[PDB]
Each structure stands twice: as C-alpha cells, then as structure tokens.
Ligand SMILES: *C(=O)CCCCCCCCCCCCC
Ligand SMILES: *C(=O)CCCCCCCCCCCCC
Ligand SMILES: *C(=O)CCCCCCCCCCCCC
Ligand SMILES: *C(=O)CCCCCCCCCCC[C@H](*)C
Ligand SMILES: *C(=O)CCCCCCCCCCC[C@H](*)C
Ligand SMILES: *C(=O)CCCCCCCCCCC[C@H](*)C
Ligand SMILES: [Cl-]
Ligand SMILES: [Cl-]
Ligand SMILES: [Zn+2]
Ligand SMILES: [Zn+2]
C-alpha cells in the first residue's frame with residue numbers, strides 16, 4: 001500500500017531529527 | 001559538522017527505500 | 001489532485017537514487 | 001563527491017515542482 | 001490528522017523554493 | 001552559495017516538525 | 001489559508017508565491 | 001507500532017522520541 | 001505509466017529501475 | 001538569523017524552537 | 001549540464017525551467 | 001559506521017543494504 005509507505009518516509013526523517021546521536025531502529029508492519 | 005548532519009538525512013531516506021519491509025538501523029555513534 | 005502530486009514527489013526521489021548516473025525522464029499523466 | 005550527490009537530490013525535487021505537468025529530464029552525464 | 005500534516009511538509013518545501021530570499025511565514029489551520 | 005541553499009531546505013523541514021501547530025518563520029535576510 | 005487551498009488542489013508557483021513575505 | 005500510531009494521528013516530538021534507541 | 005503503477009502499489013527497486021534511461 | 005546560527009553549527013531541537021511563531 | 005550549472009551556483013526558478021520537458 | 005563509509009564516498013544501493021535489518 002502506497003499512502004502508508006509515504007507516511008513512513010516522513011516518519012524516518014522525523015526520527016532522524018528527534019533521536020539525533022542515539023539513532024533508531026525502523027521496523028515496518 | 002552541519003554537512004555531516006545533512007548527509008545523514010539523505011542516508012536515512014535512502015535506507016528506507018532500499019530496505020523496504022526489512023527496515024533499517026541508523027547508528028552514527 | 002494533491003495526493004497524486006505528493007506520491008510523485010517521492011517517486012522522482014526514488015528514481016534519482018535508483019537510476020544514478022543513467023538519469024531518467026519523468027513524465028506525469 | 002557526496003556533496004554532488006546531495007545537491008542532485010535537491011535538483012530533482014526542484015524540477016518536479018517547477019516543471020509540473022510538463023515533467024523534466026535529469027541527465028548528469 | 002496525518003495526511004494534512006504530510007501535505008504541509010511538501011508545502012513548506014515548495015514555499016522555501018518559491019519565496020527564496022524574501023522568506024515566508026507558515027501558519028497551519 | 002549552494003551549500004547555504006541546501007542547508008536552508010533542511011532548516012524549514014526541521015522547523016515544520018518542531019513547531020507543529022504554532023508554525024514558524026523563515027527569514028534568511 | 002495555504003493548507004485549505006493547496007492541499008485540496010495543486011497550487012502552481014504563482015499561487016505558492018502569494019504566501020511569501 | 002510506529003506506523004500504526006503515528007500514521008493515524010499526528011505524533012509530537014515526545015511521542016517520536018519513544019522509538020529512539 | 002509510473003504514477004499509475006507506483007502510486008497504487010509499492011514499487012520495488014527493480015520496478016523503479018524500469019523507468020531509468 | 002537562523003542561517004548564521006544553525007547552518008554553521010548544528011542546532012538542537014530546542015534551538016530550532018526559537019524560530020517558531 | 002544541470003549539475004555543472006546549478007550545483008556550483010544557485011539556479012533561479014527560471015533557470016531550472018531550462019531542464020523541463 | 002554508515003557515516004564514515006557513505007558520507008565520505010558515495011555508497012551504491014547495494015552498499016546501503018549492509019545497514020538493513
Ligand atoms: C544571506 O546570504 C545569509 C548571510 C549569511 C550567510 C553565511 C553563509 C556562509 C557560507 C557557507 C559556509 C559553509 C559552506 C559549507
Ligand atoms: C559528473 O560527475 C558531473 C561532472 C561535473 C561534476 C562537478 C562536481 C564538482 C565537485 C563539487 C564541488 C563542490 C563541493 C561542495
Ligand atoms: C560522529 O561524529 C561520526 C564520527 C565520524 C564523523 C566524520 C565526519 C567527517 C567530517 C565531514 C567531512 C566532509 C565535510 C563536507
Ligand atoms: C499492509 O498490508 C497494511 C496492513 C494494514 C492495513 C491498512 C489498511 C487498513 C484499512 C484502511 C482503509 C483505507 C484505505 C482504503
Ligand atoms: C488527473 O486528472 C488524475 C487522473 C487520474 C484519476 C485519479 C482519481 C481516480 C479515482 C480516485 C478516487 C479516490 C480519491 C477520491
Ligand atoms: C484539523 O482538525 C483538521 C480540520 C479540517 C478538517 C479536515 C477533514 C475534513 C473532512 C475530510 C474527510 C476525508 C478524510 C476521511
Ligand atoms: Cl544536503
Ligand atoms: Cl505524502
Ligand atoms: Zn540535503
Ligand atoms: Zn509526502
């Protein structure tokens with residue numbers, strides 16, 4: 001599905017800004 | 001370094017497309 | 001229409017990464 | 001050069017908005 | 001609501017390109 | 001300076017997420 | 001405003017320029 | 001998870017911080 | 001075309017590569 | 001300005017808040 | 001090319017139009 | 001790390017796969 005993929009693209013960008021030096025793991029559904 | 005921060009934002013968006021359903025980990029430090 | 005325009009924005013970014021040095025032509029509907 | 005690659009990602013997104021329904025071509029080489 | 005937030009993300013990027021040196025004020029609903 | 005222009009595009013997207021419903025102002029000059 | 005107009009229809013560069021300072 | 005929560009409602013910075021390492 | 005195929009289903013890297021020059 | 005302060009050095013999330021409305 | 005002209009100096013919105021179809 | 005390997009030189013699509021889960 002496309003719109004969930006689009007939301008995920010902005011999601012990882014938000015996580016990159018918020019997490020910073022700590023980093024993050026991104027796991028989709 | 002701001003240039004390092006800008007590069008990381010493109011790395012996470014590249015990982016999101018490349019990995020797909022697998023997901024990815026971003027760990028600078 | 002807006003949501004198709006939004007999907008196209010992420011589409012050309014994906015094409016830029018995948019195509020690389022070959023380049024691409026983007027033509028909307 | 002990574003800085004060249006980062007710049008190209010902003011060029012394609014700029015072309016997508018500027019050209020609109022016309023579309024665009026991205027040819028670095 | 002999510003999809004309006006997603007459209008706003010591409011909206012401010014478009015405003016940054018179009019406005020240039022003049023700048024802009026972004027105020028959501 | 002192109003590098004300044006590229007940095008500003010990441011500044012506006014950072015402000016959009018950070019400020020939220022408050023909104024933001026981008027004024028380089 | 002800008003969300004109402006440009007998130008329901010595709011705004012051209014001239015329409016986007018209206019919200020500039 | 002993160003898609004279920006933050007793609008149905010707007011997640012604030014604190015909510016996004018929950019998924020950090 | 002590319003909008004019809006890849007904005008209704010998630011296109012993989014190989015599918016996206018089809019539209020390259 | 002935001003360019004002279006956040007593009008020469010990395011601005012934290014709190015520093016970016018100084019340019020919110 | 002667009003890289004040699006728009007990545008070494010800032011290209012205006014009109015200059016980017018030269019690479020539209 | 002990914003920063004020391006992909007921000008100093010361009011990482012191909014296959015090299016980015018090394019950091020997938
Ligand atoms: C308007 O032009 C803003 C005035 C201050 C601009 C400072 C830009 C400094 C040049 C960039 C240095 C870093 C390049 C990687
Ligand atoms: C294909 O490789 C394009 C040929 C011209 C490339 C010019 C790149 C110049 C190097 C970047 C200089 C600016 C770095 C901040
Ligand atoms: C955490 O700080 C990562 C450790 C390695 C960082 C390397 C950054 C090198 C400086 C940037 C050089 C290129 C600038 C255009
Ligand atoms: C992946 O298979 C997605 C799994 C979660 C289901 C998402 C869709 C749920 C119903 C949404 C309907 C709205 C779009 C027609
Ligand atoms: C440009 O005119 C778009 C042409 C393709 C039609 C897109 C819409 C098809 C029906 C989708 C309905 C879902 C949104 C209400
Ligand atoms: C913030 O509260 C949004 C206020 C504007 C209302 C947006 C939704 C209007 C109806 C859209 C329905 C389509 C999605 C189910
Ligand atoms: Cl950049
Ligand atoms: Cl979107
Ligand atoms: Zn960038
Ligand atoms: Zn989007």
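Data overview
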| quantity | calculated |
| --- | --- |
| Cross-chain or 6+ apart pairs with Cβ under 7 Å, segment G:2-21 first and in contact (Cβ under 8 Å) with a residue 60 or more places away in the chain, then buried (at least 17 other Cβ atoms within 10 Å of the Cβ) | none |
| Residue list for segment F:1-27, restricted to those being more than 16 Å from ligand 7 (Cβ to nearest atom), surrounded by fewer than 17 Cβ atoms within 10 Å (Cβ to Cβ) and at negative phi | F:21, F:22, F:25, F:27 |
| Residues located in chain L, provided they are within 8 Å of chain B (Cβ to nearest Cβ), touching a helix residue (DSSP H, G or I) at 6+ places or on another chain (Cβ under 8 Å), away from ligand 9 (no atom under 16 Å from the Cβ) and not in a helix (DSSP H, G or I) | L:20, L:21 |
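With ideal geometry, Cβ positions are generated from the backbone for all residues, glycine too; neighbour counts draw on all protein chains shown. Every number here is computed from the coordinates shown, using simple stated rules; none is lab data.
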